[PDB]
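Structure record follows, encoded as C-alpha cells.
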Amino acid sequence: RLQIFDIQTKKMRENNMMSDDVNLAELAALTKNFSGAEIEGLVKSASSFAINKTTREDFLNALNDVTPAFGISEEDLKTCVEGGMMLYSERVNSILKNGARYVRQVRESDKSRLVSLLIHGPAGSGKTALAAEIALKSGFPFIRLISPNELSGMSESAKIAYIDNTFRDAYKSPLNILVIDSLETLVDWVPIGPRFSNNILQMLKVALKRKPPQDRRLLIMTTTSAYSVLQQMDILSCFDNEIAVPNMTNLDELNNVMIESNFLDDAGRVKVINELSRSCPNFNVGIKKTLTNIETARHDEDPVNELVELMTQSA
Amino acid sequence: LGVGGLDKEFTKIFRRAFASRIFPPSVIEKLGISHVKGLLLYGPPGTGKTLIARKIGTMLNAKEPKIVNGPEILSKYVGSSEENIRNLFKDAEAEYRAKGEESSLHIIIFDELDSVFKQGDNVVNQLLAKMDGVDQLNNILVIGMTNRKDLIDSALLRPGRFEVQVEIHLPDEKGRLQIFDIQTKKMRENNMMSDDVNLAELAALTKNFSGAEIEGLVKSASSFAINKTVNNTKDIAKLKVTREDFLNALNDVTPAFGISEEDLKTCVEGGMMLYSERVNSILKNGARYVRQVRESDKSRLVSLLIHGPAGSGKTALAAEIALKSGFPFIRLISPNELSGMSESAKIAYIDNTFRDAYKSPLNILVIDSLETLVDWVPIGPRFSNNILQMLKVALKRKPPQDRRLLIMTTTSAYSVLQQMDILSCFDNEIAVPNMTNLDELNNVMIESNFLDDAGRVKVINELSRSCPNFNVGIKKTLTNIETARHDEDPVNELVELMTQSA
Ligand SMILES: Nc1ncnc2c1ncn2[C@@H]1O[C@H](COP(=O)(O)OP(=O)(O)OP(=O)(O)O)[C@@H](O)[C@H]1O
Ligand SMILES: Nc1ncnc2c1ncn2[C@@H]1O[C@H](COP(=O)(O)OP(=O)(O)OP(=O)(O)O)[C@@H](O)[C@H]1O
Ligand SMILES: Nc1ncnc2c1ncn2[C@@H]1O[C@H](COP(=O)(O)OP(=O)(O)O)[C@@H](O)[C@H]1O
Ligand SMILES: [Mg+2]
Ligand SMILES: [Mg+2]
C-alpha cells in the first residue's frame, strides 16, 4: 500500500503542493485492508478539505468519511450488542480469559486455522453480549454478524444465496471473524409440527466444517439457547468446545450489581438484602431481568418495596 | 504423415470408409456394390478426431472439407436454420450434374451432433433425406462426432445411415512418445534443441495428458527459453532449449482427468502419528489393498466404509492411503462441491463425475459425508428418494473395458444405514476406535513436543486419579493440546480440559 500511496501522491509531491509534516509510512499502516480506488478516494477527500478551507489533519479527517469493504461493522456490534459490562463473578473472568487465549491462539498458530465454539445457556443470561465483546477486543480487520434482523422479509432461496455470499467474502482477507446469533430462530423452529427448513440447516452444517485456502484463517462464534433441540438434530460434532453461562443464585452478586449500577446509599442497599434474605432465599434470575428491575425501582416512589416485589415475582 | 499414436484405429477406418474410392468405376460396377455414405466417431474431447479426417482427406486429393457447428445451427433463427442446410451440399449438387460418376469426392464434417437430440428435428430429417431418400446424392461423405454415443437415437445406426462407428481413446506411453517427436521434429532438424533433452524420460512424467496439452507444454517450454533474453537485443545465434526449461514448464499446465492434490493435501491432512498398533495394522491393510488393485485381474472394483465415533479421525486415514498410492486420477465428491446446487443439478453432477471416472486406467473416488448427501434428518425422517436409488445403483456398477476404481465413503450413522437396507453395497467395513489408555496419551503428547518431560510426567500423575476412564478422539485431544500451549498454567488447563471432554 506504500507504493500505491507513492504513485498517487507523486504528482502532489512534484510541485511542492504537499506539506512536510505528512508521513506516508504511518498511512500505509493505518489503512489495513484498502484498495487502490479506496486510496484514490481518500486522497480526493483529503484534498477537498484543503480546497474548502479557502495537511496531516486533512487525511486524518478524510479517514472518517470513507468506509471500505472487508472492514469492521462497528455500529452494529458496539451499540446494540453491548450496553454494559460488569465483573460480578469469577466465572465471567474465567470465560473472558479463555476467550482471549483462544483469540491469541488463532493468531499465533499454523495448525489452528478454523476454530468453532458454542455458547449456550438459559434465556436472558447475556450470551450475545459476551460473544460480541470477545470479538471487539481481538482487533481483527474483518468482523461480521448474522442475525435474524438481516433476513427478515426474505425468501428461502435468497436466504441461502445471501449466507453463501457472505461466507464466500469471508475467504478474502488474512484474518476473519464471524458471529452467529440465535441459531434456532434462523431455521424457523416451532415445536408443534415440528416445522423447520432443512436446506438451510444442511448448508450451515456443510459450511461449519470447511477450511479456508492458502494459509488463511478465520474464527466462528455461535450463540444458542436450545441445546436439547440441537442435540435432537445431531449437529454436536461440529463444535470443538462448549461454554456454559448460568444465572445468578447468590445475594452477594446482586449486591455487587446494585453497587455497580449506583442504586442508592448503602442504607437501603442493606435493607433490600436483609428483606430478600428471608423473603425468598432461593431465587434464580438472569442479568437482563435484574438490570431492568433496578431501572424500574429507581423511578418509583418506594424503590425498596418495589424492587423486592419484582424480585419475588421473577423468582 | 502427421498423426501419431492411433495406428490400429486408422487402418480399419481406411479399409471401409475410403478403400472403394480408389478403384476405377468399371470394376466397382462389375462387383455390384455401393459406396458407404456415413461414419461415426466418438471419444473424449481433445484427442485428435478431426486431424485424422483432415489428413486422410489429403491422400485421396479430395476437396477441402467443409465444417458445421451443431450449436451454431440450432442457435440461429428457424428460417435461416432450414435454409443453410441446403447450402452445404450446393457444390456437390452442381458438380454431380456437371460431370456424373467421374466426379471427385467431397467430404463434410459435422460437430457436436448430439446437441440436436438433446432436448432440431427439421435438420435431422433434411440430413437423412439427402443421403437416404429419392434425392440420393452419390458424391458426399458425412462424418459425425459426439462425446456421448448413448444419446443418439438407434434409428440412425441401421444400414444405409452411419454404418461404421469407431472410438478414440487417450494415448498410451508409446502414443505420447510419438506425438512428442511429431511436435519437436522442426526444432530437432535445425539444431535449436540441446543434447541433454531426453524424450523417453519426458514421456513417463506426463500421465493423463491429451495431445493439446502436450502441444501447450512444448509452447510453454519454448516461451521459457525465449523470455530469458528479452529485456530487441541482437544475440540470437546460440538459442537452444534445455531440459530444465521443460522441467519448469511441467509445473505450469494442469490437465483435466488429473490429480486434485490440493484438496487431498491442505484440507484433509495436517498431522499423522502412529500412537498404537491398530493404526499400523490399518495402514498395512490399506497398502495391501492398493497392491491387490495394482497386480490382480479378478478384482476391478472395491468399495470400503470407514466408521467410528464422531471425530475419530476417519477422513485422515483415507487421504493418507490415497496420497501414497500414486494413482493418476484422484477425485472427491463432497458437500463442498455440491453446495448450492439443485436436486436435478446434483443428479447430473454425480452422473457426469461417474462417467468421467470411467476414462483412466486407475482412479480413486472419495465420497464425503454419505448421510449428508441424501439430506437425511431423524425428525421425520425426511430424505430425497430419487438420489438414494442413484447412489445405490452407482456403488455396484463396474467400469468398462478392464478399468478399475476404488470408492471410499465415510459415515457415522451405521444404525440409520442398516435400517435403510443399503448395507449390501459395501464389500468390506473398517472400524477406527478411540483412545482408552493413558500410555497412548503419553505418546500423543510426546510426538507433538508439547513441553519438557518434567511437566510431561505430572499430567499423567494427575490423570491417574482424576478420571482414569476417559474416552476422547484424536481431534479433541490434539485441539486441547494446542489450546493449552498458549496459557500461563498448561498443566491445570490441560488436565481440566481432558477430564471435562471425557
Ligand atoms: N457481565 C455481563 N454479561 C452480560 N451482560 C451484561 C453484563 N453486565 C451487564 N450486562 C447487560 O446485560 C444485558 C443483557 O445482555 P444481552 O443484551 O447480551 O442479552 P442476550 O443474552 O443476548 O439476550 P436474549 O437471550 O434475549 O437473546 C446487556 O444489555 C448488558 O448491558
Ligand atoms: N493418526 C491420526 N488419525 C486421525 N486424525 C489425526 C491423526 N493425527 C492427527 N490427526 C488430526 O485429527 C484431526 C481430525 O480429523 P478429521 O477432522 O478428518 O476427523 P473426523 O472424525 O473425520 O471429523 P468430522 O467430525 O468432520 O467427521 C485432523 O485435523 C488431523 O490433524
Ligand atoms: N496424435 C497427435 N499428434 C499430433 N497432434 C495431435 C494429436 N492428437 C491431437 N493433436 C493436436 O490436437 C489439435 C486438434 O485437435 P481437435 O481438432 O480439437 O480434435 P477434437 O476436436 O476431435 O478433439 C491439433 O492442434 C493437434 O496438434
Ligand atoms: Mg440468544
Ligand atoms: Mg471428513
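FYI, residue positions are counted from 1 along the chain as it appears here.
The header says electron microscopy, 3.4 Å.
Yeah, the Cβs are placed from backbone N, Cα and C, and that goes for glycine too.
Going by Swiss-Prot, these are the annotated features:
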BINDING   B:43-50, B:308-315  ATP binding site
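Recorded features from Swiss-Prot, shown on the structure.
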{"residue": "B:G43", "record": "ATP binding site", "Cβ neighbours (10 Å)": "19"}
{"residue": "B:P45", "record": "ATP binding site", "Cβ neighbours (10 Å)": "10"}
{"residue": "B:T47", "record": "ATP binding site", "Cβ neighbours (10 Å)": "18"}
{"residue": "B:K49", "record": "ATP binding site", "Cβ neighbours (10 Å)": "21"}
{"residue": "B:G308", "record": "ATP binding site", "Cβ neighbours (10 Å)": "18"}
{"residue": "B:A310", "record": "ATP binding site", "Cβ neighbours (10 Å)": "13"}
{"residue": "B:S312", "record": "ATP binding site", "Cβ neighbours (10 Å)": "21"}
{"residue": "B:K314", "record": "ATP binding site", "Cβ neighbours (10 Å)": "21"}
Less than 6 Å between Cβ and the nearest atom of ligand 3 is the rule; apply it to the binding-site residues B:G43, B:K49, B:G308, B:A310, B:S312, B:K314.
B:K49
When C-beta separations to chain A are restricted to under 8 angstroms, which of the binding-site residues B:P45, B:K49, B:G308, B:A310, B:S312, B:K314 qualify?
B:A310
Any of the binding-site residues B:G43, B:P45, B:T47, B:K49, B:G308 with a C-beta atom under 6 A from ligand 2? Give them in order, or none.
none
Where B:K49 (ATP binding site) sits in the secondary structure, as DSSP reduces it to three classes:
helix
In which DSSP state, out of helix, strand and coil, do we find B:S312 (ATP binding site)?
coil
